[PDB]
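Enquirer: Got a structure here, written out as structure tokens. Questions coming.
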Amino acid sequence: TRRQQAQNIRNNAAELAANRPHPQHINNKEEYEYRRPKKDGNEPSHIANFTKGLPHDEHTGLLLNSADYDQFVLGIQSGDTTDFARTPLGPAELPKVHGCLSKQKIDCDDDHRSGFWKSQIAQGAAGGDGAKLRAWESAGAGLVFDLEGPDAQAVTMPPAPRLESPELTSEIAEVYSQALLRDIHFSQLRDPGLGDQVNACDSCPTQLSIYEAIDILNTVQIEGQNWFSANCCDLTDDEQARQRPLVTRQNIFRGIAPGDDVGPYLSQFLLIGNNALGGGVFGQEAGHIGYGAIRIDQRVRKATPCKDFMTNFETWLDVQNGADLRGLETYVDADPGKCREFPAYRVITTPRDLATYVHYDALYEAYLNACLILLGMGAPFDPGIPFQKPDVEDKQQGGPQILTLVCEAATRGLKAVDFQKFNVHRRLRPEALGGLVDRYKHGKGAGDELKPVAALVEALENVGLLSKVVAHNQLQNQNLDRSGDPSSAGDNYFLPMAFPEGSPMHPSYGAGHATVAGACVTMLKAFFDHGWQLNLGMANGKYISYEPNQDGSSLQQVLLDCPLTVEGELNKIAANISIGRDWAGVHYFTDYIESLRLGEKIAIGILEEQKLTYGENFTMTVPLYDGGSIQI
Amino acid sequence: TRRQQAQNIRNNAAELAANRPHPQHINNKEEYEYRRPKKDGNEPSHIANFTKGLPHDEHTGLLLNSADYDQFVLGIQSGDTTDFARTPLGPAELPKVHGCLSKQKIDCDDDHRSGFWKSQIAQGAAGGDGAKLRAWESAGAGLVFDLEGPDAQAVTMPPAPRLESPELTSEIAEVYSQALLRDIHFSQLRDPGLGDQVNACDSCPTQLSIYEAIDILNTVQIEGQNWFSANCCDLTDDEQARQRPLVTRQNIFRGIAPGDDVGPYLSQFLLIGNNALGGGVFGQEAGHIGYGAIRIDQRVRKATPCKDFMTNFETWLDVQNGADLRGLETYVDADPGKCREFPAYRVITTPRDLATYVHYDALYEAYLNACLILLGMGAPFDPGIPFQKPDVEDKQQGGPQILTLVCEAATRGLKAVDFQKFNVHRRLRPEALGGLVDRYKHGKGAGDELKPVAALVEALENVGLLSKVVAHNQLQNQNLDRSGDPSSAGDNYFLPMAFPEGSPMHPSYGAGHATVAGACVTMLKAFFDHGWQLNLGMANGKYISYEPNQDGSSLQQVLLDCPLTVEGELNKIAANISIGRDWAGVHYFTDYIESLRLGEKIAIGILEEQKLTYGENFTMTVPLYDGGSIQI
Amino acid sequence: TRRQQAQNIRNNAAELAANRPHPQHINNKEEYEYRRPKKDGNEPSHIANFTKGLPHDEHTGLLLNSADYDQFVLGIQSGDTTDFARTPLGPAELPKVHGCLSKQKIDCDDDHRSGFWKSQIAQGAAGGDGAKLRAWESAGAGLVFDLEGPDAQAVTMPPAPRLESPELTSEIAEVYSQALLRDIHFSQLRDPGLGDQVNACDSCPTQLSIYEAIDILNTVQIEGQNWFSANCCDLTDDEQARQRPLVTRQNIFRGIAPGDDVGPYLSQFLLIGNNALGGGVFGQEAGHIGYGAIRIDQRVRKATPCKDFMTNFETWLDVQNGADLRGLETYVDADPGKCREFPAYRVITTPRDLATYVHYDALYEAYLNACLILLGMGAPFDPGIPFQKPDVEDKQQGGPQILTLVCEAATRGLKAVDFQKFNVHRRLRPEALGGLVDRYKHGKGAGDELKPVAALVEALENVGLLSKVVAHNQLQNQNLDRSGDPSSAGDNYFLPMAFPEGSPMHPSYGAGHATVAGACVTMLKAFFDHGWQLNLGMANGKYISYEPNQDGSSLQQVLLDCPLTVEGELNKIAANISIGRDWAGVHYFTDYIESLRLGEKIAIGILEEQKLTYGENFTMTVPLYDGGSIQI
């Protein structure tokens, strides 16, 4: 009977996931490798680990005490609510006995917290009361199982690069450059041969151009070796797989995924909408997705340009001391004359607008919207699927199953990475590295604590990137909000941050956005005819695309020799959101790719388990990011 | 280890669902009860079963041949792709031998199909070629299992009413009235004491008012017994549970769910949006949901008022003969002067606009949007959940898990009902009953084929509802599109239909919308603090609500003694979409309630299975539609 | 072999209990429904939940902070000793930050605690030192399993009434009346036709009589609907089952259990003893149970009449603030002249004496004593049992097995309800509701916090019950112990309490006494010939009973048309103890009945599991409280 078959199919699906090979998780061992001097001993400095939220020394900016970090890990490893509650959080005083846990300055008894914060912004954040202290997010999310999809520890993602490696130097340099090119028009990030390029309507003091940035990444090197230039023999099988080619105007800041290089940087699905329901009142260039009978506006809230945060020591320290600064950024006010709340809201013109998109990005928003656009267009499903082709011939006739599935996959994604972030890699944030660079150039830290970073900064200084960043930060510090801060005239080398709180309160390696992106897009490519050429139009023989205006009032069309595919744009939107974090300065490149590669494994795993529920015995062809496609 | 624990938790969750009591599915036995005369015998007429798509006699309008229906069922029961492909579809010729299967008129060889259709619309539907033949949707969807949630046959929904019963007469009469009140302003559907009521800007010839409609439902009776008036003793335990009170201006067409009666008819979540991100450029009354950084417009496509379909025999017959007429309805063109594509798109003003909303309603659209509004407002989660309250105190801090869960539930919903629709109840559509009424009054059918309907029509004629419907249809037939049809001057009693194809190609009992509604809302009430009073505002002491303008340009505020709750509006939006179908004339009331009651059981079942994955050992309190709340 | 059979019978008994249907636990959802206003938000007030022990605001008397209650639940749900230890207890100060946990005033460092208490009694309780702080009892008792009997979560008891419901209003009104009739003679609680009625020897100022009280319960109504008057149709299947008839002189305060109405209120087993062992020196009217060779005195400690506690705000607040006041009540001193320590100890004359009986009632005391009386009388066992009838004929010949079984059942009882009290219903105590009434009439609470209670108090005021309670309390406050309290001249509406600490430190719904009562009596009815007519005697044709004297020196006989049965008195003693709490004002009526109905299910379950151990293959016939008897 079905009662038996139901219990079995569910039991069989559990055994499938159990029979799948379980890998062993490896890290760069940096955690306990790099050390600093204590009284009659050397201790692990944890400069190359995530330390945001823990007590940071208010003068130095380094991890205040190691015993805090050692307790912090034990709470993750033991998975105990009690152990994690003993870990000190925020500004702290050092213990009188050596090796004991730091004393937390802030508690529940503090209604006014202005005194503890060193930055003017944080001091007057909570309407004058003083900024609140935020804790670590989803610490015990990696220790939760699921009824469908592979387990969190049943899949791993290969180890992250090191400070001494040439690979990282290119990654941090790439992130720095993106911060200086955050106000650039998206039309610049592509080969000028495709169409006429434009400059952002708002004239912003730029310390770096594209042409310069391309030279930096090809020139930057450690021990006379560039990441892009290094031949296969020198690199490991891991590094070989995630190695990129020489940086080009087309492929700069673009993900290594089929169809990313083809067309403009910005995926169509983040711009275009569906044709107006029934009698077409507007075209696809309008930017209204066919959300059934209602619509979805593709315009995003415009963050007031040339406004970066965490540019000086005081601002940076306070954030790394867990100062809650969410929603302190300002946005452009609307124009009464113009319709559709412009400029207050506008089409994604510059990387800033993408950073804002991903700042409050709903988990699957980017990929749900993509599914709606394709459904409204009338895109065919991968022929292998049942109830396709004519209604008359076969007497049978789904969208419902795919729509739920893109959301299903995201959940499984977060739990897989939340283990990798915390339990395995425990990697520092790019902004947290941005600090280390400045600290070395100010000659802070005890003995040879920051000696590991010495090799990194020289390459960044030798390519002349640091010189620009210091000059760029100087102009940002003339702002009244952080001008009062003592370090304003201190030539701060800190990587500029898009959000006042910068990165979230969870480690860098494994990206929440990228893991969800890889899983959600994989599901969409599985169901849809991945190859299907988007019939957006044709103009003067060559096939038509879209990209934003200089003011972002409408979509400027771009004309391509070959048409854009569903796969190419699905891979491109996956890259956009994942790299969208890299633009804000919260993830490295390698965070994008390895999370994405893990993302599809979680997704694939679900489809293989859900395959037993269907008695049709069909096949689904899923195109992979690493070349060929897998039959399910 | 986890590898073992992972396999077990999944195996344990399967046993939980298997240990749950499995009910036995019962129907009204109407299927093979009502009979008609053949040569030297009586055969099952199947007048009280879903027959849409099968061959209907082109002169009579009845089921052409029973052998077609008997084959149709066998394909569902056997669950064989081959058997279901032999069932004849669309216009057909009768066999020369008696008891053999009908010969299908249309095939793949027909490029032009204009000749087979009797209605002018269908004849010139496919740009002059002639309307296409659509098949049955999701026939084998009820025969699919899932990794999470209870099985399709592990849960049932009690049997549907009969033609002879007084309960149905009120339900069909309620649906008829809604068709005549489809152009009514939503401000009318509430007690006038709450605020000033308005009339729809567009002046439509109305054959029925609210005041009249309220009398009809209280007056209408079978064997001198009204559905609302009948005492508990007379009714069964099933009928007792789904019994309603005497119809009131407040509770007319409103679902029996806590908070449905309270406030206006239209739920806030189908009107209001979230406050503009960052610096508030607009208010909640704007109707922009906080879809992360972008937004969702709450305005829906306006279907040109006073336009109904399937009003005459020719139009009705062709649809019941599986004529594909999707997207033949016309919509109002935009005004160049006004912003935000008005009136082309507008706020949901009249039931028509709700019918359009649910015509292309994305599965979870109504309930996802509701989740976003609550999340953007900053609504608290049911306190029982982990990582709540202060960040500092507990050192821990989800929306991601609930956002996926509302989508997860919908999928499981469709497979549960798709069994009930096809495998169990196989109930006719309200539009298909609308035909039966007309046929009896035209004196069609062989012998006492429609004798069962005789008792129904008399009550509808005795309350004077039919008289209005005939008068209402007359005006609709003066339209040029169906004026040429012979039955235009024939006093057609057919229930007017909102969509040209009317109902979908799957039986009435068990509602796709309502089953998904019940499941999706149940999930939202579980996570959110169900009681939480919405702080939409306060005006002159009394708490403030919203409802549309007469032209639907903005939101007119309504002032209530007590504030609106999250539960009340979540129950109300659940009712709106489910009843939204009843307005279009595709579902009865009982379809709304029993699907919804089944919906929460599917939802509850998932949460109980997913409970094993968490080692926190918390509790979730879920408020039920039938009074008290269940602890998970 | 037996070694195998022993392991199997035990394994088989475990599977039996596992195969029994497991219900799903539902509550009135009141917990998170009723809300109060905080700064820019609404929070769950928890006015309708058990909050005794938690911090209560010392001016208002309401729950001081919700975050305390939310922590309190999490400790129960998580079942963690650590989490429950963080919950604040007793008088507390509010936190400076909002949403954080309240600071406990008292700790281990306080030797003198007089300062924290607001009531004179509590201040000078611990011999001048100041009352101690008591904690919650048997919080983790509901999370313990057993080797015999069904599991705690394998059985549930249907949900409790609400403040808005008419059912509760009658229940609270019934409890209030009992407090005013607590000094009444037990001869009054019966139809005067049975025999001559007497008044309590001690003349007590009574604000309410029986005749008045009977009118109150029939008159009291919510929305013009009385609990006893309401027809079946209006009520739910749960309410239908626990619905009572119009209150009568016979059935007033008497449980709905076969034989409760028959005879006097007070069960014989709480008065009579066994005939003196060997040569009868005294009769059964003496009140000496045949405890083997020794005896048990049926006389109870006399609490000095007209002495009630928690009559003013200060006394009430301190108790609800967990002030330990156990054993502060005074008892009547003995008379040197009279034998058998009278009046210090006496026969149960007034409900006060029953409240004292159940104040220190040993778990099974009432039901063990009942078993001894029946055994000493020579009552026959239910014929189905082995080794019955003649010794000569059958060559075989138990009391030992039943004597242990009544004690066995009690243990299983407490663990079943302790889940319902804490984990499920979490219902407030009647005394805690008694406060809410007063608070509303003093116009305390923030905004519409107590609006829910508004409907309740009006009915109590409209029947004129409150007027008496205020007048009754005034006289009690003239006592020197609570006269100094500021609220003495404040017209206090608080329900008078029998014990200085009133109710115990565990929620109201599910009664420890009633659950044990239902289980213990069920076991006794199973073994004994339930029907057996007690041969207490015969006087002037009609059969003889007993009830106390006005001074309580002996037993006054009552003469009945039909004789009393074992079942009737076993059901009556079960009711007496359960309602004995209702007299003290610690349980509602519904607490008595639903606990009792759950009690027999726990008991029945044990007998079914223990059935496998016997190879005789006999049957036991158990008479149920809901009509017919079940064969085991």
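Residues are named by chain letter and number: chains run A, B, ... in the order of the structure tokens, numbers start at 1 in each chain, and ligands are numbered from 1 in the order shown.
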Hey, what's within 7 Å of stretch 532-538 of chain B if we count only C-alpha atoms and toss same-chain stuff fewer than 6 positions away? As a list in words, please?

Expert: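 Listing them by chain and then by number gives residues 544, 545, 563, 564, 565 and 566 of chain B; 42 of chain C.
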
Enquirer: Compile a residue-level contact table for chain B against chain A at a cut-off of 6 Å, reporting for every qualifying residue the shortest atom pair and its distance in Å to one decimal, with only C-alpha atoms counted, rows ordered by chain and ascending number, as CSV.

Expert:
```
residue,atom,partner,partner_atom,distance
B:7,CA,A:14,CA,5.2
B:10,CA,A:147,CA,5.4
B:11,CA,A:11,CA,5.2
B:14,CA,A:7,CA,5.2
B:85,CA,A:395,CA,5.7
B:133,CA,A:392,CA,5.8
B:134,CA,A:391,CA,5.3
B:135,CA,A:395,CA,5.1
B:136,CA,A:396,CA,5.8
B:137,CA,A:397,CA,4.9
B:144,CA,A:613,CA,5.8
B:145,CA,A:613,CA,4.9
B:147,CA,A:10,CA,5.4
B:292,CA,A:360,CA,4.7
B:293,CA,A:357,CA,5.0
B:294,CA,A:300,CA,4.5
B:295,CA,A:297,CA,5.7
B:296,CA,A:296,CA,4.5
B:297,CA,A:295,CA,5.7
B:299,CA,A:294,CA,5.8
B:300,CA,A:294,CA,4.5
B:301,CA,A:293,CA,6.0
B:339,CA,A:339,CA,5.8
B:357,CA,A:293,CA,5.0
B:360,CA,A:292,CA,4.7
B:361,CA,A:292,CA,5.0
B:362,CA,A:292,CA,5.5
B:391,CA,A:134,CA,5.3
B:392,CA,A:133,CA,5.8
B:395,CA,A:135,CA,5.1
B:396,CA,A:135,CA,5.7
B:397,CA,A:137,CA,4.9
B:404,CA,A:407,CA,4.9
B:407,CA,A:404,CA,4.9
B:408,CA,A:404,CA,5.7
B:613,CA,A:145,CA,4.9
B:614,CA,A:144,CA,5.9
```

Enquirer: Please compute the atom CA of residue B:308-atom CA of residue B:496 distance, one decimal, in Å.

Expert: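 Pair atom CA of residue B:308 / atom CA of residue B:496 returns 5.8 Å.
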
Enquirer: Would you list the contacts of stretch 508-524 of chain A as a PyMOL selection string, taking every protein, DNA or RNA residue within 6 Å and counting only C-alpha atoms, but skipping same-chain residues closer than 3 positions in sequence?

Expert: chain A and resi 406+409-410+413-414+417+421+427-429+527+574+578+591-592+595-596+599-600+603

Enquirer: Which residues, written as a PDB file with N, CA and C atoms, in the first residue's frame, have at least one atom at most 9 Å from residue B:485, with only C-alpha atoms counted and residues fewer than 3 positions away on the same chain left out?

Expert:
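Full text of around.pdb as output:
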```
ATOM      1  N   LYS B 118     -19.045  26.241 -31.722  1.00  0.00           N
ATOM      2  CA  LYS B 118     -20.406  26.775 -32.008  1.00  0.00           C
ATOM      3  C   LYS B 118     -20.498  28.255 -31.609  1.00  0.00           C
ATOM      4  N   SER B 119     -19.598  28.737 -30.743  1.00  0.00           N
ATOM      5  CA  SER B 119     -19.558  30.139 -30.243  1.00  0.00           C
ATOM      6  C   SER B 119     -18.638  30.987 -31.131  1.00  0.00           C
ATOM      7  N   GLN B 120     -19.049  32.223 -31.434  1.00  0.00           N
ATOM      8  CA  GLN B 120     -18.309  33.180 -32.304  1.00  0.00           C
ATOM      9  C   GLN B 120     -16.920  33.462 -31.713  1.00  0.00           C
ATOM     10  N   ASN B 312     -24.251  32.744 -22.483  1.00  0.00           N
ATOM     11  CA  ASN B 312     -25.174  31.996 -23.381  1.00  0.00           C
ATOM     12  C   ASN B 312     -24.697  30.543 -23.514  1.00  0.00           C
ATOM     13  N   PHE B 313     -25.533  29.689 -24.114  1.00  0.00           N
ATOM     14  CA  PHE B 313     -25.319  28.227 -24.290  1.00  0.00           C
ATOM     15  C   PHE B 313     -24.049  27.976 -25.111  1.00  0.00           C
ATOM     16  N   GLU B 314     -23.915  28.652 -26.257  1.00  0.00           N
ATOM     17  CA  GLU B 314     -22.809  28.448 -27.233  1.00  0.00           C
ATOM     18  C   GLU B 314     -21.461  28.654 -26.530  1.00  0.00           C
ATOM     19  N   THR B 315     -21.283  29.796 -25.856  1.00  0.00           N
ATOM     20  CA  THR B 315     -20.053  30.152 -25.096  1.00  0.00           C
ATOM     21  C   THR B 315     -19.803  29.098 -24.011  1.00  0.00           C
ATOM     22  N   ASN B 477     -25.490  39.756 -23.454  1.00  0.00           N
ATOM     23  CA  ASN B 477     -25.594  39.091 -24.783  1.00  0.00           C
ATOM     24  C   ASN B 477     -25.730  40.136 -25.900  1.00  0.00           C
ATOM     25  N   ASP B 481     -19.653  40.369 -29.437  1.00  0.00           N
ATOM     26  CA  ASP B 481     -18.796  39.150 -29.461  1.00  0.00           C
ATOM     27  C   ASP B 481     -19.662  37.881 -29.396  1.00  0.00           C
ATOM     28  N   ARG B 482     -20.790  37.915 -28.674  1.00  0.00           N
ATOM     29  CA  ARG B 482     -21.684  36.739 -28.463  1.00  0.00           C
ATOM     30  C   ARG B 482     -23.116  37.029 -28.941  1.00  0.00           C
ATOM     31  N   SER B 488     -28.757  33.905 -27.850  1.00  0.00           N
ATOM     32  CA  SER B 488     -28.657  35.296 -27.328  1.00  0.00           C
ATOM     33  C   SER B 488     -30.028  35.800 -26.855  1.00  0.00           C
ATOM     34  N   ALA B 489     -31.099  35.461 -27.582  1.00  0.00           N
ATOM     35  CA  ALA B 489     -32.497  35.870 -27.300  1.00  0.00           C
ATOM     36  C   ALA B 489     -33.274  34.711 -26.660  1.00  0.00           C
TER      37      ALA B 489
END
```

Enquirer: Run DSSP on the backbone and grab whatever in stretch 30-134 of chain C lands in strand (DSSP E); send it over as a compact mmCIF listing (two decimals) with N, CA and C atoms, in the first residue's frame.

Expert:
```
# COMPACT_ATOMS: atom_id res chain seq x y z
N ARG C 35 -3.09 41.36 25.22
CA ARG C 35 -1.85 42.17 25.12
C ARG C 35 -1.98 43.46 25.92
N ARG C 36 -0.85 44.13 26.15
CA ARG C 36 -0.77 45.45 26.82
C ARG C 36 0.24 46.32 26.08
N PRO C 37 0.20 47.66 26.26
CA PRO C 37 1.06 48.57 25.51
C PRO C 37 2.43 48.80 26.17
N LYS C 38 3.50 48.66 25.38
CA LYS C 38 4.89 49.07 25.76
C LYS C 38 5.25 50.30 24.93
N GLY C 41 4.94 49.88 20.81
CA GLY C 41 4.63 48.45 20.58
C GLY C 41 3.57 47.92 21.54
N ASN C 42 3.09 46.70 21.26
CA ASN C 42 2.16 45.92 22.12
C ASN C 42 2.82 44.57 22.43
N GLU C 43 2.74 44.12 23.69
CA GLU C 43 3.40 42.88 24.17
C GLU C 43 2.35 41.98 24.83
N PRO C 44 2.60 40.65 24.91
CA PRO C 44 1.67 39.73 25.57
C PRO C 44 1.68 39.97 27.09
N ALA C 92 11.11 42.25 42.57
CA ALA C 92 12.18 42.60 41.61
C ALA C 92 12.10 44.08 41.21
N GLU C 93 13.23 44.63 40.76
CA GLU C 93 13.36 46.00 40.18
C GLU C 93 13.44 45.87 38.66
N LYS C 103 15.78 42.20 37.77
CA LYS C 103 16.81 41.98 38.83
C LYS C 103 16.11 41.54 40.12
N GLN C 104 16.41 40.33 40.59
CA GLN C 104 15.83 39.72 41.82
C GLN C 104 16.30 40.49 43.05
N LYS C 132 10.19 33.69 53.88
CA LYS C 132 11.15 33.14 52.89
C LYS C 132 10.48 33.12 51.51
N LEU C 133 11.29 32.97 50.45
CA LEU C 133 10.81 32.91 49.04
C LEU C 133 10.81 31.44 48.59
```

Enquirer: Hey, can you check how far atom CA of residue C:49 sits from atom CA of residue C:507?

Expert: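 That distance, rounded to one decimal, is 8.0 Å.
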
Enquirer: Do a neighbour search on stretch 217-232 of chain A at 9 Å with only C-alpha atoms, toss out local chain neighbours closer than 5 positions, and write the hits as a count of residues only.

Expert: 25

Enquirer: Find, counting only C-alpha atoms, the residue in B:425, B:415, B:105, B:542 that gets nearest to residue B:54.

Expert: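 When distances to residue B:54 are compared using only C-alpha atoms, the smallest one comes from B:105.
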
Enquirer: Residues of stretch 57-269 of chain C classed as alpha helix (DSSP H) by DSSP on the backbone are to be reported as a PyMOL selection string.

Expert: chain C and resi 66-78+81-86+120-123+166-180+210-219+237-241

Enquirer: One decimal, in Å: what's the spacing between atom CA of residue C:601 and atom CA of residue C:572?

Expert: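 Going from atom CA of residue C:601 over to atom CA of residue C:572, I get 18.6 Å.
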
Enquirer: Compare B:51, B:621, B:65, B:77 by their minimum atom-to-atom distance to residue C:424, counting only C-alpha atoms, and give me the closest one.

Expert: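 Among B:51, B:621, B:65, B:77, it is B:621 that comes nearest to residue C:424.
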
Enquirer: Residue A:194: which residues within 12 Å, counting only C-alpha atoms, same-chain residues fewer than 4 positions away excluded, as a list in words?

Expert: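 Result of the neighbour search: residues 187, 188, 189, 190, 249, 250, 262, 263, 264, 265, 542, 543, 544, 545, 546, 547, 557, 558, 559, 560, 561 and 562 of chain A.
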